[PDB]
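Chemist: 3D, please:
(one chain, ligands or ions: 2)
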Amino acid sequence: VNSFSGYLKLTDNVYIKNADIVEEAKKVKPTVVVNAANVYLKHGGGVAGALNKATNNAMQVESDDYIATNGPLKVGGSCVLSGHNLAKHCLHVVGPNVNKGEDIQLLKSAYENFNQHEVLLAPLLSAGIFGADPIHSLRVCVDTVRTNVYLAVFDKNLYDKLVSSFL
Ligand SMILES: Cc1[nH]c2ncnc(NC[C@H]3NC(=O)CC3(C)C)c2c1C
Ligand SMILES: [Cl-]
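Modeler: Numbering: from 1, shown residues only. Ligands and ions are numbered 1, 2, ... in the order given. Take a look:
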């Protein structure tokens, strides 16, 4: 049993809810919140910009130190950093950005990072301003993630479409 409330069960291990991941994290304080990151951990917009704002820019400060030490992530890669006031940990995962020409086959590699954590709160990778089809992102998620993933979908219209089209 966990504290996630109001989710629709899609599969054995995947759950979905129309919710702002920021407000959901502040309420649940999960062990792991997933950020829709880029390789430079520049959290300007989309989910990343929103999560960072909720930490009062502490996420960005920590991220800049991480990059100064380690260099950029790989597309499809991830790193674990602090969850600040939102979660114990933040798993920064780089889905491919279609508006940059990045290979969509890397979306599966991106979701594989979730399997290193028993339970996570997460957005659909490469959705929103990353330019991929959210229906496809949900499908890759279901077919790749084996640990327990709670998806927060901000847009109500999109959430309804994702549920009604789910096979
Ligand atoms: C403030 C905020 N909270 C979120 N919580 C979950 N997902 C988010 N966006 C990623 C993709 N999922 C969507 O519904 C829209 C999308 C960009 C296609 C967000 C955002 C921008
Ligand atoms: Cl986003």
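Chemist: what about residue 70, distance to residue 62?
Modeler: Taking C-beta to C-beta, to the nearest Å as the measure, residue 70 falls 12 Å from residue 62. No exception for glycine: its C-beta is placed from N, CA and C like everyone else's.
Chemist: quick one: which of those two has more around it?
Modeler: More crowded of residue 70 and residue 62, by other C-beta atoms under 10 Å: residue 62, with 16 against 10.
Chemist: ok but that one is inside a helix, no?
Modeler: Yes: secondary structure assignment places residue 62 in a helix (DSSP: H, G, I helix; E, B strand; the rest coil).
Chemist: my guess is it meets residue 82, correct?
Modeler: Yes: taking C-beta atoms under 8 Å as the definition, residue 62 is a contact partner of residue 82 at 5.9 Å.
Chemist: Look at the residue of the chain with the smallest separation from ligand 2 and say how many residues are nearby.
Modeler: Ranked by C-beta to the ion, the top residue of the chain for proximity to ligand 2 is residue 46, at 2.5 Å. Neighbours of residue 46 under the rule other C-beta under 10 Å: 19.
Chemist: which residues touch the closest residue to it other than its chain neighbours?
Modeler: Distances taken as C-beta to C-beta, 6 or more residues apart in numbering place residue 129 nearest to residue 46, at 4.3 Å, with adjacent residues excluded. By C-beta atoms under 8 Å, 6 or more residues apart in numbering, the contact list for residue 129 reads 45, 46, 99.
Chemist: Reformat the residues you listed as a markdown table; add secondary structure.
Modeler: A markdown table is the format used below for those (three-state DSSP):
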| residue | secondary structure |
| --- | --- |
| 45 | coil |
| 46 | helix |
| 99 | helix |
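Chemist: tell me which of those residues is nearest to residue 152?
Modeler: Of all the contacts of residue 129, residue 46 has the smallest distance to residue 152: 13.2 Å, by C-beta to C-beta.
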